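The structure appears below as structure tokens.
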Amino acid sequence: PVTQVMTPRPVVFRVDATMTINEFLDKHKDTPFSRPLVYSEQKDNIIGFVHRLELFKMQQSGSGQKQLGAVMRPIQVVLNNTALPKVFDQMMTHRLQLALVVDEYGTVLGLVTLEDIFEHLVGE
Amino acid sequence: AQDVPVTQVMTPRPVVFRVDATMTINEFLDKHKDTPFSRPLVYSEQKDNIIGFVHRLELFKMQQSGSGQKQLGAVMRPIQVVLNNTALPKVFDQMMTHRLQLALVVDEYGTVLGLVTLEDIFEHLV
């Protein structure tokens, strides 16, 4: 059970894998969005996610011309019908900050974050 | 370039076994025979629409618990993807980092090319 007690958040912030780190930090300075997903060719085709702090560090290291696709964290999926404590245990154990939530028809429902899971469990 | 493509380490989609998630455990266990630790892939409506996998032994536990009438998807496990252009070392790192034993390989558009195991990648570089 996931969607049945926590609703997956919508994917609202997508960036192209071919976009460069410089371009990203350029276009999205002071962005309110903390969960930037990376898409490959179609905006529908999520292959990873990035963290702005991490990207900035790479830029300061002269890696600003690198493409998001080459430096992103790979996208991971969690099933809708998985127990929250288990999802939590898995994400923590793997240091996974966010995951796409998928149902039993292969449909992407939205995304969850480890902090979102934390916040829900802790409220119990 | 550097090493061989994950696409040569994988089992190609056409020869990859998968079963309908709506099949009951009872019918699956009766229809399909395979070893205690096999991990059949599961598809939703289309045979290419691969949405995870199940452990045969967990299927068998279910049946013996009197839940054989339930669908395969009852105990479905997620399956992750790796990109066809990812260097074999990086792939190895990524699956290890996430403790993956199995993963679908996809192209830049998300189309499943095949199934790669960590065992086969491990084998290859060590």
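In the structure tokens, chains take letters A, B, ... by order of appearance, with residues numbered from 1 within each chain and ligands from 1 in the order shown.
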
Output as a tab-separated table (two decimals) with N, CA and C atoms, in the first residue's frame the set of chain B residues within 6 Å of chain A, with distances taken over only C-alpha atoms.
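And here's out_26.tsv as it stands now:
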chain	number	residue	atom	x	y	z
B	44	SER	N	1.73	-6.64	-18.03
B	44	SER	CA	0.36	-6.23	-17.69
B	44	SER	C	-0.67	-6.68	-18.74
B	51	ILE	N	6.30	-5.00	-16.25
B	51	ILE	CA	6.13	-4.11	-15.11
B	51	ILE	C	6.75	-4.63	-13.79
B	98	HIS	N	22.26	0.04	-5.86
B	98	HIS	CA	20.86	-0.20	-5.50
B	98	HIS	C	20.55	-1.67	-5.18
B	108	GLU	N	17.23	4.97	-25.66
B	108	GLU	CA	17.07	6.37	-25.27
B	108	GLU	C	15.60	6.81	-25.24
B	109	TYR	N	14.73	6.00	-25.82
B	109	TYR	CA	13.32	6.32	-25.87
B	109	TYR	C	12.48	5.52	-24.86

May I have all residues of range 1-120 of chain A that DSSP, computed from the backbone, assigns to alpha helix (DSSP H), given as a PyMOL selection string? chain A and resi 21-27+52-58+68-71+84-94+114-120

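Around residue 52 in chain A, within 9 Å and counting only C-alpha atoms, the residues found are residues 24, 25, 34 and 36 of chain A, once anything fewer than 6 positions away on its own chain is removed.
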
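Among B:94, B:8, B:46, B:24, the residue with the shortest atom-to-atom distance to residue 48 in chain A, counting only C-alpha atoms, is B:94.
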
DSSP-assigned strand (DSSP E) members of chain A, reported as an MDAnalysis selection string: chainID A and resid 14:16 37:39 46:49 73:74 77:79 98:102 108:113

Skip residue 106 in chain B itself and residues of its chain fewer than 2 positions away, then list as a ChimeraX atom specification all residues within 12 Å of it, counting only C-alpha atoms. /A:40,45-47 /B:6-7,10,12-13,48,50,80-86,103-104,108-116

Selection: 6 Å around range 75-77 of chain B, only C-alpha atoms, excl. self and same-chain fewer than 6 positions, as JSON, numbers by chain: {"B": [52, 53, 54]}

Can I get the selected residues back with C-alpha atoms, as a compact mmCIF listing (two decimals), in the first residue's frame?
# COMPACT_ATOMS: atom_id res chain seq x y z
CA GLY B 52 8.12 -6.31 -12.68
CA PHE B 53 8.75 -9.93 -11.70
CA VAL B 54 7.85 -12.50 -9.05

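Residues in contact with residue 33 in chain B at 10 Å, where only C-alpha atoms are counted and same-chain residues fewer than 5 positions away are skipped, are listed as residues 28, 38 and 56 of chain B.
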
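The space between CA of residue 16 in chain A and CA of residue 28 in chain A spans 12.9 Å.
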
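Considering only C-alpha atoms, the residue among A:50, A:86, A:65, A:98 positioned nearest to residue 14 in chain A is A:50.
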
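Nearest residue to residue 43 in chain B among B:62, B:55, B:22, B:27 is B:22, counting only C-alpha atoms.
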